[PDB]
Amino acid sequence: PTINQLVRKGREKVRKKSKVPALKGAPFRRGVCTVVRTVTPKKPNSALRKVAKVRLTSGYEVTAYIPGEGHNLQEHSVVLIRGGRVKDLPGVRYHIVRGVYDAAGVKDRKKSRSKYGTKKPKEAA
Amino acid sequence: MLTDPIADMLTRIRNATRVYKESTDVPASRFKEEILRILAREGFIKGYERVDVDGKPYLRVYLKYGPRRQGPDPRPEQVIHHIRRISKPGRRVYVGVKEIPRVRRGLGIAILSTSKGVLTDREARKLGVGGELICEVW
Amino acid sequence: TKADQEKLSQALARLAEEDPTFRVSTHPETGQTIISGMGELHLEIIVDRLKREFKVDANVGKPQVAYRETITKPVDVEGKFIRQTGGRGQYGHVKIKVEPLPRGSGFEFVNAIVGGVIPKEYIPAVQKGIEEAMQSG
RNA sequence: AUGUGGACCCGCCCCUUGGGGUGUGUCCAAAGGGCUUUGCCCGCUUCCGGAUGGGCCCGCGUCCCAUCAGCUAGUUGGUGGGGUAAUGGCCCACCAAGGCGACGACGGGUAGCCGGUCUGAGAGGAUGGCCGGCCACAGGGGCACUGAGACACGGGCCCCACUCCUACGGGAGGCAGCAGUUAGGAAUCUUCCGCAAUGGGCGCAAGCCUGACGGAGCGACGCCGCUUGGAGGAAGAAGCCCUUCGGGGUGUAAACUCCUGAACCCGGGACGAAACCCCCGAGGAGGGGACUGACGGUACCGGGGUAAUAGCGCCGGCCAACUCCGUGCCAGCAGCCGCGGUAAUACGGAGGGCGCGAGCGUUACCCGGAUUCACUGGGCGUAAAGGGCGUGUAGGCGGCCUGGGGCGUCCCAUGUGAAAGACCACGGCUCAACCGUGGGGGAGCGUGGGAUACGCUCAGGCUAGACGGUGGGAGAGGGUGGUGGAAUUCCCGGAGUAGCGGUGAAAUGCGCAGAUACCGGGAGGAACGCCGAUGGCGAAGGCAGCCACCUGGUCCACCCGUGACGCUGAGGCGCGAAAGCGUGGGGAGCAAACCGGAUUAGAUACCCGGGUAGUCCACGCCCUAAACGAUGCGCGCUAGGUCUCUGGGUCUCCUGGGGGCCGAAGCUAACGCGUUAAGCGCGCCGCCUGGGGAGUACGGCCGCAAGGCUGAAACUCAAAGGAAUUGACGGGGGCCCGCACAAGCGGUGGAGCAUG
RNA sequence: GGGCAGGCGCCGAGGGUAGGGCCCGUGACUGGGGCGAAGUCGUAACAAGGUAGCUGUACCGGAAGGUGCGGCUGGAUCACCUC
RNA sequence: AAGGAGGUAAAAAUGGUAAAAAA
RNA sequence: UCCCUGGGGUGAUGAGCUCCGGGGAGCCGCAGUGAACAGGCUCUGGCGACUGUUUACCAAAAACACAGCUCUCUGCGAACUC
RNA sequence: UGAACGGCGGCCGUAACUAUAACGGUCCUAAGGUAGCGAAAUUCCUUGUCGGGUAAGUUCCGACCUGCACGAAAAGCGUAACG
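Regarding how it was determined, this PDB entry cites X-ray crystallography in its header, along with a resolution of 4 Å.

Here you go:
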């Protein structure tokens, strides 16, 4: 590229793509949803994972997951489009929250209460 | 041919340095004379003189070597460790006062041609005059 | 079309959030969200408000039904899979007797080997294909 | 009217874009109000000078797409005009043809710019909210007006939409002003106080308007500081987790003790505010007295005094921390790699501990690590990549020597770079955060002088690079005509008769209608045996009998000449295997497609019989590749030993140019390169930035077609891949060996019978 | 003297007619591609993969594959002409 | 005759068989 | 309508006469090629290549024709044909 | 010998809903219709099924493909210009 050619041309900036088009700057969204199902991760699992299709307040039928055991969710919930794929469900992108307008965590949870709902386990004793 | 008989010289230098051959030749010019002047002038080469080959004026340069140690082969160490042509005919460097490298931060040498003649790092900074940054050597 | 549908989930989003009362619950064994509630004319002028300031095209359907099923007789059959593909086969000759009992009982099956035929690795997975092929009547 | 002055007009002196003066001739002013009045305050009139802001202009810098290549007819320039504060086509006329473009025009996607700001050693990347400056809009568009100033947020007209008020004749309105309603969204507040302080508008002041401003409220949204306590307190009680029944841990932690004393009660109590003002002096300087708090009686000062909130992520490695049941590839965590498929330290629960603590995690966004678009700081033999190769345009850069130049470059002076922030220093609120003051460093362009080392510009000169002159030389180097033999099918003929053919085996196949084989002559086309090579020539793809013709390329010798004429070379140019194509001629052998045959389970294939396209001749058209040395080109440097082909020399040798191998140094991750470098350096072009999608689609250009040159994306995976080492494995090979073949001896299979 | 109104005329917002240009969404149908553990068929590549492979290309076949022309090693050893 | 290398001829009747996995 | 103005031509390089024109402003009406001659146009299938040739007396066409393609026959006493 | 007259199959089964059938078997023949086009000047059931075009579309275009009975020189397909 011998200085000259480098100057004449340019070494272009990498750019991104956002492997996470939650879009608008909105990775928090009103997950309306439709369906539930199950699906499997590669050759060593099988579970649940929803599909929450969401519609946001901008579009997309995504694959909104869930923060795990203890479900209700039926068909609205405002599944809070969040973010993070794995080797499971060809998507796992834009997760759910529990708390939102619905779910509010595992019936009795003692740790991840930062999304898994349950307030402050006051056993009142 | 040649685009830099200077950098080509520096290269033939690097040859004799890396091959351990007491002396090596390089054609007639005033500037090479200035440089090799600086070179002996800081205890590096072994000297220079306006010689000739076939009828063409040249400038031969003898050079310096260290002591012959044992164990890991006999190979004695080099004196003229390495020189790098900085201001290429594409990167016309033009150092000034507050500019200027420090070369091995303390030792080494910068070779640089200024308003008046061919100077060195410590010199040119002492002088307070600058110009093109030729090679580096330590 | 189900495009008008989620659109009307927004309709409900301001319908179920201005008037408590009714319950907008989908059915499981059939699709289509169901409008449940406590009033005839109530649900109806709900639908009017819809075809007024929400303009939905929804041919107000009759509620569907979840239909299970069964039989009433003992049939002996031959589930013989005599198929030797390119060497590995996966052939399975299953001889089953099948018995039916009361509507409300439950699902049965027996660990029934006539002597020691079918491997103990089919036991919890041959009956699967009994269960599996029993979701689709 | 009055006319110091100013305006224009024709001359004129200086000046040099429209800077100042001047001779002639005409036009222009004025506002007066108050009162302590014969004086002053406010204001007016004509101009000159500053102070201030802005207009116009240029210099320079200023996002992405080349799948944005042409753009323009008010368009480029003028004369004369219009208008503006004014140059100018911004608008009129008339007129000459120009004006911008790979230094990326035009078109489009996108963006308000900056002083600054977060990150990184740094280069840079990203960014421009509050704050300060510049711009732009007023719901959308035109529009003028007023005027010192505007195309004017709370002024005017019209049109648009939009929404309202009405007696449905008519009319009204613009929170991108300050709070506040609502849609929007995951999310961004009070429909609060005083003009007490500063500042802006007006007024002689008194003063008045100020949702500027100065304060209160709300939200852990950010940074900052702070309490939940101290101090004694057990081989350590109990409660619980664990255990091998000995205990271990939790933890001085708790309880008990004394102490101090958040929150809270009473009292006093702000700085924030001395000016404006009247008065003595003159209305000046000075001097006096007096007014002025929204917060809030909050800060804070004194005294009385109560121990008085604790969470959030984690404990598989990165990344600091484990034990116990359950769960059983189910429920499930998961940034990455994965963890669980009935003894999970990764899930879920429980003791403990790591961290952090009024915060902790989660996502999103950006910079880094990422040297992972590399300027510092990368690569193209095989992982990503040389363009199939020669031509050269521009451009890029350039050998020795002298002197001018002083453009690039260096140095000191210097204008500006506001403030604020960045740094050090001192300071203020009782620390901090936060703020007060001083000072230096600061890119950058304007202006001055000086330096001429390096690039370049200028004149002159040199021969080392480059071309030429002259003489010899090698070749399968290219276009043409021409000829020789060998050899295959074929015509005529002869002579001979039971098969040939082909193959792993055989068959289809030809044959008593006379074949295969041998001889005599004729037809035709295609490729040249040996020579001949590990060789020669060539830019590459290529060239093979020999003669002649034209003709390039190159080699050495002589130093005769020229004087840097140089290296690369984005587009453009030409060239080009074989297959393919078009228009005609020709076809012996050959041969895809196509048929028979045999083979197998199948044979649309390898093996056999026929047979076509096509392989040949000329013109043209397509232009591809493992076009492979997978290594660009030009030069210079850095060990030699050798086989060989050509150029020069008296020559068992040297030396120019090349063509195989080896191996110093060096280089590379390795194989391997190593004077034909993949080693050590300079110039220049193009090509690469995870595999796949993919050489696909799109646009654009060429083709007669089959296609080609340019060439992404979403999405999908956490790998694809290079090298070498092992080990296996093989229907690659070598070697050795045994009742394996051999060599010999007696048997099995046959019979009846025993038994498995 | 003129002035205001008025009158005609220039430009002009908006709207209307026609035809372009770019981009996006979309669309019966459709090529292709990616993903899912052992599906059904053959077995081409890697040992000469059992016909050495690789490929430019042209004709063919259920498909992978085949084959003619030419090229290329990233192909081949009793032992044949040398280094 | 040592090796290594440089170009010419040799040599496979046929083969379908999978797979989550255990360290 | 009126003001101005360009070149070919003939005659002379001009008068006249003529051809072909450019511009400026002005006048009246419903309208100015004022009447007579005089085309509607675009999108997309079907088939045929295309201009044409055919049924005088119901046809004009997708039938025939055609340039062009292959297949055949003809060694001059051609073969074909009467 | 087929740019000569001409002809250019039938029956069974097979993938993990199902549906379908690259695939194999089988009786027949001289051999079993290649590419391309296809509810067509050919398609009977049929006003076939989907999609556009419309207030409504047996007509029309596009597309699907079980072509009753397309198809290679009575040529198959495609084609700007004319009619």
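Attention now goes to the overall build of chain C. Per the secondary structure count, chain C includes three helices and four strands. Taken from N to C terminus, the helices and strands of chain C fall in the order α-β-β-α-β-β-α. Here the C-alpha radius of gyration of chain C, 25 Å, is well above what a compact globule of 137 residues would show, namely 14 Å. The principal-axis extents of the C-alpha atoms in chain C amount to approximately 70 × 40 × 25 Å. Within chain C, the fraction of its 137 residues that count as buried is 9%. When contacts within chain C are restricted to residue pairs at least 6 apart in sequence, long-range pairs at least 24 apart make up 32% of them. Total accessible area computed for chain C in this model is approximately 12000 Å², and 54% of it derives from carbon and sulfur atoms. A distance of 7 Å separates the average location of the 19 positive side-chain charges in chain C from that of its 19 negative side-chain charges.

Attention shifts here to the interface of chain C and chain A. Between chain C and chain A, the residue contacts involve five residues of the former and six residues of the latter. The tally of links between chain C and chain A comes to one salt bridge. Its salt-bridge partner being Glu 6 of chain C, residue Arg 55 of chain A comes within 3.8 Å of it at the nearest N-O pair. Here the residues of the side of chain C that touches chain A are counted per class, giving one nonpolar, three polar and one charged.

So, on to a positive patch on the surface. On the surface, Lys 17, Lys 19, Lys 42, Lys 43, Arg 85 and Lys 87 of chain A cluster together into a positively charged patch. When you line up the elements, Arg 85 of chain A lands in the segment after β2 (79–80).

Attention now moves to the protein's contact with RNA strand D. Taken together, 91 residues lie near RNA strand D, and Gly 25 and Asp 88 of chain A together with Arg 91, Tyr 94 and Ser 113 of chain B sit nearest. Here the atoms of RNA strand D within 4 Å of the protein split so that 78% fall in sugar or phosphate, with bases taking the remainder. Here a phosphate oxygen of RNA strand D and a side-chain polar atom of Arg 8 of chain A are 2.8 Å apart. Within the side chain of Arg 91 of chain B, one N or O atom sits 2.3 Å away from a sugar or linking oxygen of RNA strand D. Those elements that provide at least two residues to the surface near RNA strand D are α1 (4–8) of chain A together with α1 (5–19), α2 (30–40), β5 (110–114) and β7 (131–137) of chain B. At nine residues, α1 of chain B tops the list of elements feeding residues into the surface near RNA strand D. Residue composition of the surface near RNA strand D, by class: 27 nonpolar, 25 polar and 39 charged.

Conventions and cut-offs
Residues numbered from 1 in each chain as written, not as in the entry; some residues may be left out. Chains lettered and ligands numbered in written order. Part of a larger assembly, values for the part shown. Heavy atoms only, no water. Helix = DSSP H or I, 4+ residues; strand = E, 2+ residues; numbered from the N terminus. Rg over C-alpha atoms; globule rule 2.2 N^0.38 Å. Buried < 20%, exposed > 50% of the residue type's maximum accessible area, 1.4 Å probe, protein only. Contact = heavy atoms within 4.5 Å. Areas by Shrake-Rupley, 256 points an atom, 1.4 Å probe, with all protein chains shown as cover. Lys, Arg positive; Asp, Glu negative; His and termini not counted. Charge placed at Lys NZ, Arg CZ, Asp CG, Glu CD. Salt bridge = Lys/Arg side-chain N within 4 Å of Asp/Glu carboxyl O. Nonpolar A, V, L, I, M, F, W, Y, C, P; charged D, E, K, R; others polar. Patch = residues over 30% accessible without salt bridge, like charges linked within 9 Å, V, L, I, M, F, W, Y side chains within 5 Å. Near = heavy atom within 4 Å. Polar contact = N/O pair within 3.5 Å; in protein donor to acceptor, adjacent residues only side chain to side chain.

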